[PDB]
Every structure is written in structure tokens, then in C-alpha cells.
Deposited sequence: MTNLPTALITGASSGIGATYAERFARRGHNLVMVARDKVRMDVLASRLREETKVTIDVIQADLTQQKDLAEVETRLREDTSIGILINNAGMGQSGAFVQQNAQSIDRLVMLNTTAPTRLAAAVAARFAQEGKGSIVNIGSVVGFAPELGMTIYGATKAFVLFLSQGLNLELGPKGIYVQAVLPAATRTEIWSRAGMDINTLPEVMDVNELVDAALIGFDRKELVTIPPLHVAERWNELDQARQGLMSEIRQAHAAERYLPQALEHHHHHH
């Protein structure tokens, strides 16, 4: 059976690097995309020797239009790429009043605009072939505006909604769209634990995978509450409490 090549963003460290290591050991060829080329080459050299798979290393600053369009083109034309890992370690630096226009641009671009454009690059080809996987790395911060990471959490709420919408749109076409929601990473989770758990959901083709969530029912309750709100949407007139 064909094991498809996986393109992974932010593949130089953290979740991206661990995803590259796991897929290489599984037998997948890789396309590693990251701004930090030095760490990518170190990791790629080790994975080539250990796993004998093919690894192409692309240096790219996805806040650049030039670099992002080049990665988009690779996803569109490389028919061997059947897996896209939308990963970005880009977080928010402190409070909202400390953000400047430039850091907001980069934060939204890396966590929202770039993942959406990459999914659009493979969506048309995945629909042609009737197969493919899009794994979007969100965060549980998208559920918690109380944590004080306002812009970052907002981009993660974006990524979750994007995954839910892409599933309903691309699912019937044979495309698997997964949302992975790591914890804010006071002992936190090991990155090996996190990615191994995310892959257990990937193999089950789970749509929303939240490794740090103790009660899986909590998600379904939130989804039910969401759909329960939409059942009371009557667009003809405003509610009486506003009259």
C-alpha cells in the first residue's frame, strides 16, 4: 500500500520535529518545512540514516509571501504528498497591550492565514484523488480566553473551526481532516507523549483529538451546546429581550 509523503511545517523542533520522526519511522517520506534550516538538517540527517526514507528540506519563513507561495506550489504539484501537518510553534508574547502591529501580523499569518492557504493548496488535488489527510495543530487555549493569550487563543479557535468546516466539506470527498489540540505547552506533557497520542487518534481517524482532555465527553457536550444554540437561531426578528 502507498504510504504518502508528509509535508510538515515548523519541522525544526517541538511537535513538528516529533511528527517528522514518527512518520519517517513508519515508512513515510517527508517534506520538512521550517524557518530554522540548521535544526532541520541535523534532524533530517539522523532520520535518513535511521529510517532510509526520503526527506526533502525546505527552508521557509511563512510570514513571507514568497516563501509561503513556494510551499503552496509544492503541495499543489507534488502528487506524492498525501499528508499535510499544519503545525506552528508561534505563540503570543505576554499581554495584549504589549503586542505591536508587526507581531500581530506574524502571529495571525503563521497560525491562521498560512495553515488555511496550505490546506487550500492540497484540497483541490486531494478531491481529485479521492484521498488525503489534513492535520491541523490547534490548542486548548482556543477554549480558554481566561489564560490571557488573547490573540494566540483566537487563532487556535480559528484553526478548530477551520478543521470542523473542512471535515464537512472535504470528508464526503474521501479527505480526512483532524484537529489536534495540545495543552498549553507545573508539569506539562512530554512532546513524545503528545504526538504518540495524536497519532492514536490519527489512526482511528478521530476528527477532534484532545490528548490532555481527561473526559472525552466534555468535548461532545460543548459540541452539543454549540448545536443547541444554533437550534434557537431565528433570523426573521430580534429576540423580544431587545424590543
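Worksheet item: Got a list of the deposited-sequence ranges with no coordinates?
Response: Missing C-alpha atoms (numbering from 1) occur across the ranges 1, 187-201, 260-270.
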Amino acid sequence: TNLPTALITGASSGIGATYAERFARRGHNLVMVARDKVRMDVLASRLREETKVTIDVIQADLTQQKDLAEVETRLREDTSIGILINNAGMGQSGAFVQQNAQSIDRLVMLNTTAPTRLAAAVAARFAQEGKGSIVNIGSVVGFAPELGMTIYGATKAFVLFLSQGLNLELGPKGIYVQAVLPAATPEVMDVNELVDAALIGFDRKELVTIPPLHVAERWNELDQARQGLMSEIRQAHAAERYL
From here on, numbers count along this sequence of modelled residues.
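Worksheet entry | Higher-B stretch (mean Cα B-factor, as the entry records it), 24-32 or 64-72 | 24-32 has the higher mean C-alpha B-factor.
Item to complete: Between 142-150 and 85-93, point out the one with the higher average CA B-factor as the PDB entry records it.
Response: Looking at the record's C-alpha B-factors, the answer is 85-93.
Discussion item. I'd like to know which of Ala184, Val57, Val208, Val38 has the highest C-alpha temperature factor in the PDB entry.
Written reply: Out of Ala184, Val57, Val208, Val38, the record gives the largest C-alpha B-factor to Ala184.
Item to complete: Please place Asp78 in the lowest, middle or highest third of its chain by C-alpha B factor as given in the entry.
Response: As the PDB entry reports it, the C-alpha B-factor of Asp78 lands in the highest third of its chain.
Worksheet item: Can you tell me which third, lowest, middle or highest, the CA B-factor of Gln128 falls into for its chain?
Response: Answer is highest: the recorded C-alpha B-factor places it there.
Worksheet entry | Ranked against its chain, the third holding the CA B-factor of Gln98 | Top third by C-alpha B-factor.
Discussion item. Could you place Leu7 in the lowest, middle or highest third of its chain by Cα temperature factor, using the values in the record?
Written reply: Its C-alpha B-factor belongs to the lowest third of this chain's values.
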